[PDB]
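Report on the structure given below.
Order of the sequence lines fixes the chain letters, A, B, ..., with proteins taken first and strands second; residue numbering starts at 1 for each chain. Reckoned from all heavy atoms, side chains included, excluding hydrogens, waters and symmetry mates.
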Amino acid sequence: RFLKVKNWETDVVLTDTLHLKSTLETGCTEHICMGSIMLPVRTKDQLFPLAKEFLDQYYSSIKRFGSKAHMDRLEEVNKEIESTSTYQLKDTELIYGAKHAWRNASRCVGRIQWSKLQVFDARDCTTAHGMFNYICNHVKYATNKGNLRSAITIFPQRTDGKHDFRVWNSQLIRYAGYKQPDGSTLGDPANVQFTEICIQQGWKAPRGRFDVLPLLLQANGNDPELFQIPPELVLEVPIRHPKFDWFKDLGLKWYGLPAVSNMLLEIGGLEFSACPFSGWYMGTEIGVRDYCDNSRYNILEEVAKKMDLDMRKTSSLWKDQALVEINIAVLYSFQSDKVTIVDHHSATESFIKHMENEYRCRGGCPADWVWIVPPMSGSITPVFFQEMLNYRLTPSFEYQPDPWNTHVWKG
Amino acid sequence: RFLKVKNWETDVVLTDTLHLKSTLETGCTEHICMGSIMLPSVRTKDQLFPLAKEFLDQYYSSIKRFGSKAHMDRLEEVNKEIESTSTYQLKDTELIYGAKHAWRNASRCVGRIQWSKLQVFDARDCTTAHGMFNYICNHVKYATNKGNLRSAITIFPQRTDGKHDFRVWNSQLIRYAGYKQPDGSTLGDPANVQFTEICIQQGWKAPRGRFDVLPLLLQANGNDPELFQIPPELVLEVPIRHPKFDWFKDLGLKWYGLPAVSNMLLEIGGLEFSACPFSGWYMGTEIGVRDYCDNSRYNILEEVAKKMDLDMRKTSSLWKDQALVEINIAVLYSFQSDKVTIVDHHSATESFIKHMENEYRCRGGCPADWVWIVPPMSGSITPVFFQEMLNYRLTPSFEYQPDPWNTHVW
Ligand code: HEM
Ligand code: HEM
Ligand SMILES: COc1cc(N)nc(CCc2cc(CCN(C)C)cc(F)c2F)c1
Ligand SMILES: COc1cc(N)nc(CCc2cc(CCN(C)C)cc(F)c2F)c1
Ligand SMILES: C[C@H](O)[C@H](O)[C@H]1CNc2nc(N)[nH]c(=O)c2N1
Ligand SMILES: C[C@H](O)[C@H](O)[C@H]1CNc2nc(N)[nH]c(=O)c2N1
Ligand SMILES: [Zn+2]
């Protein structure tokens with residue numbers, strides 16, 4: 001069975017056959033589309049075929065399908081599963097799985113880079129202090145003094161679900177948010193709940209406006225522990241505007257390194273619940289979302305007020321105007337400081353090239369249009385006109401519940 | 001079974017039960033989501049009666065006479081008519097209800113808060129293209145209303161056996177001509193390049209300007225289509241100027257006030273109305289973001305950025321974005337100065353969030369296609385960006401249909 005997607009700006013038509021390797025559910029049915037819905041331990045029983053399918057992919061990629069090495073690995077894994085109820089990945093398999101999890105992330109517009117991932121094997125880690133060391137080395141490597149480098153650090157896989165490794169932060173670097181008694185918020189409104197957990201865990205909060213949060217790190221199912229990232233490792237960029245001299249006076253800055261730390265990496269049925277990964281920013285993830293969301297820094301009003309816009313009626317598009325200016329400043333600031341960043345025009349253009357190349361050599365490229373189209377100026381980017389098929393391939397990155405909702409406290 | 005939709009800006013969570021009355025197919029499976037695919041790539045007496053019963057059932061429910069004397073009698077009456085004639089005819093009240101609810105059920109339409117205010121023009125007695133023309137002129141005049149735009153639909157005879165179809169060949173009743181240049185570029189509107197040529201291919205006398213209003217190409221009862229020129233005094237146009245830059249007028253832009261879709265099919269109780277032009281009023285981004293700044297449309301993006309003297313060498317200057325905003329400020333300012341109805345994308349999306357809440361409250365759901373509801377600019381500063389939506393097909397409905405120049409036996 002062969003499916004087709006059409007680009008409505010260029011009439012280019014591609015043919016998807018990779019969807020035949022799709023596995024778990026999309027959430028949709030013949031009677032409902034859940035395409036705009038954000039969200040949805042293993043027995044040897046269902047683990048055997050999950051491992052086999054992964055190894056079949058792996059040995060196909062290295063042109064060794066059905067080789068003696070393939071069959072011995074199959075036999076050795078299945079023996080390990082039935083005698084221990086799980087199995088260990090080789091280094092080679094682990095690297096392959098992490099890269100392919102990214103290659104399969106249908107919501108990620110940056111996947112053109114998927115094969116250039118630095119994989120740090122932290123599966124020998126045993127304590128939160130060890131996790132801290134591993135994460136410090138990741139941040140230093142990835143940052144690279146502003147010449148950012150994609151990377152992932154993989155902590156031990158889940159066993160019985162009672163000994164999980166977890167990074168409680170949603171991203172490795174993020175600013176605190178403080179709800180004031182009068183109802184206003186100091187800092188990042190998105191991080192108010194997590195900031196409270198940290199303060200309750202004993203974090204002495206400076207209660208400034210751009211306080212980097214501590215790492216809250218859980219090893220082997222023990223209670224999590226607080227660590228402060230050394231400030232010399234946290235690269236930051238003061239935000240200024242190339243024409244508006246008053247923009248610096250807003251006093252804004254943003255960190256350089258986007259590092260997702262709350263997701264679950266699934267490879268051959270194995271679940272890696274702590275796997276921070278990092279790349280580099282698209283400008284709009286700071287300037288459209290991290291300041292101008294009604295639920296974030298809401299400098300949207302202030303920028304408009306200082307541009308002296310008509311804020312009486314929305315049809316003056318004063319919100320749209322200030323939104324553009326803030327995104328110009330973010331890109332200008334990062335480039336001036338030689339900190340890697342990509343604007344949404346370059347990133348979407350690169351993704352279309354990636355997507356076409358993937359249809360050629362792979363038979364498809366799963367993609368979530370709802371997330372691929374940028375949060376501003378959508379229809380002047382080339383992905384807006386691009387039909388996209390969405391399906392789940394494994395290995396994959398998955399959401400997992402917040403650990404504070406599931407953790408059993410030791411005391 | 002009782003699905004939940006969350007708004008991630010407000011944490012409001014609505015429960016959808018209306019989807020259980022869904023019917024047609026989405027295109028998706030549990031293995032593959034086609035939510036970003038544009039398109040879905042006569043009735044026999046047995047297929048027809050359940051469809052009619054379903055519709056009559058929801059009609060008599062809406063007037064709180066479900067299972068009443070009138071209900072069962074009407075149910076029986078249509079049963080007899082179908083067994084006899086192999087089709088049936090709608091009562092005027094049912095026709096009006098069906099059309100309003102096809103609008104209410106249009107999951108790609110952000111403007112649905114107004115759905116119950118539709119003016120329905122019953123044109124089922126029409127027999128000829130001249131008659132169609134008359135009905136369409138009256139529609140345009142009524143809908144335009146001197147700039148105080150009013151939603152309207154005109155419904156021509158339903159399909160019978162597929163041979164005697166009524167079709168408006170134009171995709172919209174009012175559209176600007178587009179001619180390809182003997183060398184490279186395009187004059188007018190490139191989306192209409194084929195149509196603008198099909199008209200001359202039939203006998204049009206193209207004034208060969210940029211903004212030449214296309215003639216109507218009306219097909220009645222399956223015969224060859226006929227050209228008609230809409231009296232220009234019926235075509236309200238707004239000159240586009242900017243509330244700042246006076247060079248903006250120099251661009252010499254204008255757009256028509258009346259968006260009027262005319263190539264879709266309306267399905268009520270199993271019956272198919274192949275010619276059912278409907279109109280409302282524009283959202284500002286439909287003209288400026290899409291009609292002006294699309295690459296394959298007017299593409300004056302470069303001109304506007306050039307006249308703003310913006311750095312156009314690196315994309316990271318966001319010069320396209322900057323120009324795009326100013327163009328959409330001008331469109332809104334121009335319509336508003338001329339007292340021609342228009343809504344900005346902030347107002348329309350806010351209105352739609354309110355409409356959603358109303359529908360979940362008094363109806364149990366609201367089918368909605370996020371890929372189409374989110375505006376093509378400034379998406380994440382509008383309330384619909386963070387609103388999860390469930391998409392499903394209810395009937396009565398508006399459906400796509402092939403272009404008649406492939407279908408018609410000339
Ligand atoms: C290297 C430059 C990268 C860029 C420019 C980029 C860009 C983006 C953007 C804009 C999103 C949308 C998320 C949102 O709006 O909240 C996203 C999502 C995502 N990216 Fe990438 N990304 C990059 C690197 C990576 C890497 C290194 C990985 C994994 C190894 C990755 C995996 C993902 C995943 C799993 C998502 C899903 C997010 C979710 O579901 O919330 N990305 N990316
Ligand atoms: C009164 C003001 C109205 C507004 C502001 C409005 C707004 C919109 C917009 C922005 C779209 C997106 C379509 C596109 O981008 O091409 C749309 C789609 C649609 N609207 Fe509305 N609309 C209005 C009135 C109506 C009426 C009166 C009807 C029917 C009686 C209707 C039915 C539809 C349908 C069927 C679609 C889907 C179009 C398609 O599938 O291509 N609308 N609407
Ligand atoms: C792994 O590397 C990545 C690089 C880039 N650019 N984006 C992502 C997506 C994940 C991600 C999303 C957001 C959006 C913030 N919402 C609250 C509005 C901010 C981030 F800081 C971040 F990290 C990952
Ligand atoms: C029936 O009433 C309606 C009112 C409004 N505002 N929109 C529609 C959808 C039909 C429609 C949509 C668009 C979108 C911009 N494209 C250039 C991509 C432009 C139109 F010119 C038009 F006609 C119908
Ligand atoms: C490929 C994609 O589905 C296609 O370009 C859609 C996207 N969303 C849209 N949204 C609106 N309002 N109008 C459109 O024509 C489209 N086109
Ligand atoms: C409700 C909706 O699915 C939700 O707000 C999504 C929509 N698209 C998005 N797209 C991006 N890039 N990032 C997001 O957080 C979201 N949020
Ligand atoms: Zn779907």
Side-chain angles (χ1 to χ4, degrees), chain A residues 31, chain B residues 18-19 21-26 39-40 42-43 47-48 50-63 78 87-124 135-136 139 143 150-159 165-168 171-173 259-281 352 355-356 358-359 362-369 372-373 389-401:
Chain A
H31 282 72
Chain B
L18 185 66
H19 75 283
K21 288 192 286 301
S22 172
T23 158
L24 301 154
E25 310 284 289
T26 53
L39 299 168
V42 83
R43 227 121 287 180
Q47 305 156 325
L48 189 49
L51 297 174
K53 180 172 186 297
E54 165 248 279
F55 169 72
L56 292 170
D57 284 346
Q58 55 174 295
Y59 172 68
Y60 275 94
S61 190
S62 66
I63 66 180
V78 168
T87 181
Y88 72 102
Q89 307 290 330
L90 294 170
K91 306 293 189 183
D92 305 337
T93 57
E94 314 167 331
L95 177 74
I96 290 164
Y97 171 93
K100 286 176 171 182
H101 280 253
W103 186 7
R104 197 190 191 169
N105 299 335
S107 59
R108 290 182 169 168
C109 173
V110 70
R112 276 180 288 166
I113 183 148
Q114 289 271 325
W115 73 265
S116 72
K117 201 178 169 175
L118 186 62
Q119 188 56 232
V120 177
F121 290 119
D122 183 4
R124 289 177 292 166
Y135 270 110
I136 289 170
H139 178 132
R150 301 182 284 197
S151 308
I153 183 168
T154 299
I155 301 173
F156 291 101
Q158 76 215 27
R159 179 187 280 94
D165 269 12
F166 287 76
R167 296 288 315 257
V168 179
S171 55
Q172 300 171 50
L173 295 177
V261 174
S262 57
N263 61 0
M264 289 193 78
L265 186 153
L266 161 65
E267 207 211 276
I268 302 166
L271 308 168
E272 302 186 315
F273 300 90
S274 50
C276 58
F278 52 94
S279 59
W281 52 82
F352 180 78
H355 170 64
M356 269 193 73
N358 291 338
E359 294 294 86
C362 308
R363 193 185 197 197
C366 180
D369 183 347
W372 283 61
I373 298 296
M389 303 161 191
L390 283 165
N391 194 24
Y392 47 91
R393 302 184 104 198
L394 306 176
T395 54
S397 55
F398 291 107
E399 308 290 354
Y400 300 111
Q401 59 184 339

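At least one side-chain heavy atom of B/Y88 sits less than 4.5 Å from a side-chain heavy atom of B/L271. Counting only heavy atoms from C-beta outward, the side chains of B/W281 and B/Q114 approach each other to under 4.5 Å. For the pair B/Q401 and B/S274, the minimum side-chain heavy-atom distance is below 4.5 Å. For the pair B/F156 and B/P277, the minimum side-chain heavy-atom distance is below 4.5 Å. The side-chain heavy atoms of B/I373 and B/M389, taken from C-beta on, include a pair separated by under 4.5 Å.
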The test is side chain to side chain contact (heavy atoms under 4.5 Å, CB included); show your working for B/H355 and B/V110 and say whether it passes.
CA-CA 9 Å; B/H355 170 64; B/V110 70; over 6 Å; no

Which is it for B/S151 and B/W103 under the side chain to side chain contact (heavy atoms under 4.5 Å, CB included) test, yes or no, and what are the steps along the way?
CA-CA 11 Å; B/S151 308; B/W103 186 7; 3.7 Å; yes

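Listed by chain and number, the residues in a salt bridge (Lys or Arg N to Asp or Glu O under 4.0 Å) with B/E54 amount to none (sequence neighbours excluded). Residues meeting the salt bridge (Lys or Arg N to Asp or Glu O under 4.0 Å) test with B/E272, sequence neighbours left out: B/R43, B/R159. For B/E399, the side chain to side chain donor-acceptor pair (under 3.5 Å) test picks out B/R393, B/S397, with sequence neighbours left out. Contacts of B/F55 classified as ring-ring contact (aromatic ring centres under 6.0 Å, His included), with partners at least two apart in sequence or in another chain: B/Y97. Taking the side chain to side chain donor-acceptor pair (under 3.5 Å) definition, one finds that B/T154 meets it with B/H139, sequence neighbours left out. Checked against ring-ring contact (aromatic ring centres under 6.0 Å, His included), B/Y392 has no partners two or more places apart in sequence or in another chain. For B/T87, the side chain to side chain donor-acceptor pair (under 3.5 Å) test picks out B/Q158, with sequence neighbours left out. Remark: B/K53 engages B/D57 in a salt bridge (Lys or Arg N to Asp or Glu O under 4.0 Å) (not counting sequence neighbours). Applying the side chain to side chain donor-acceptor pair (under 3.5 Å) rule to B/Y60 yields no partners; only residues at least two apart in sequence or on another chain are considered. Qualifying side-chain contact (heavy atoms from CB on, under 4.5 Å) partners for B/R363, counting only residues two or more places apart in sequence or in other chains: B/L18, B/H101, B/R104, B/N105, B/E359, B/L394.
For the atom pair CG (B/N391) and SG (B/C366), the distance works out to 10.0 Å, reported to the nearest 0.5 Å. The line from CZ of B/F121 to CD1 of B/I136 is 12.5 Å long, rounded to the nearest 0.5 Å. Rounding to the nearest 0.5 Å places SG of B/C109 at 13.0 Å from CH2 of B/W115. Taken from CD in B/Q119 to NZ in B/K100, the straight-line distance is 8.5 Å, to the nearest 0.5 Å.
Sorted by first and then second residue, the salt bridge (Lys or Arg N to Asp or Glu O under 4.0 Å) pairs with a member in residues 111-122 of chain B read B/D122-B/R124; sequence neighbours excluded.
Listed for the A/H31 side chain is a donor-acceptor partner under 3.5 Å among the backbone atoms of B/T23.
Taking all atoms of both residues into account, the shortest heavy-atom contact from B/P396 to B/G98 is CB-O, 3.4 Å. Heavy atoms only, all atoms of each residue included: B/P157 and B/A123 are closest at CD-O, 3.4 Å. Across all their heavy atoms, B/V120 and B/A99 have their closest contact at CG2-CB, 4.1 Å.
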Please output the side-chain donor-acceptor pairs of residues 259-268 of chain B that fall under 3.5 Å, not counting sequence neighbours, one pair per line with the distance.
{"unit_1": "B/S262", "atom_1": "OG", "unit_2": "B/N170", "atom_2": "O", "d": "2.8"}
{"unit_1": "B/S262", "atom_1": "OG", "unit_2": "B/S171", "atom_2": "O", "d": "3.4"}

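Between B/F278 and B/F398, the ring centre distance stays below 6.0 Å.
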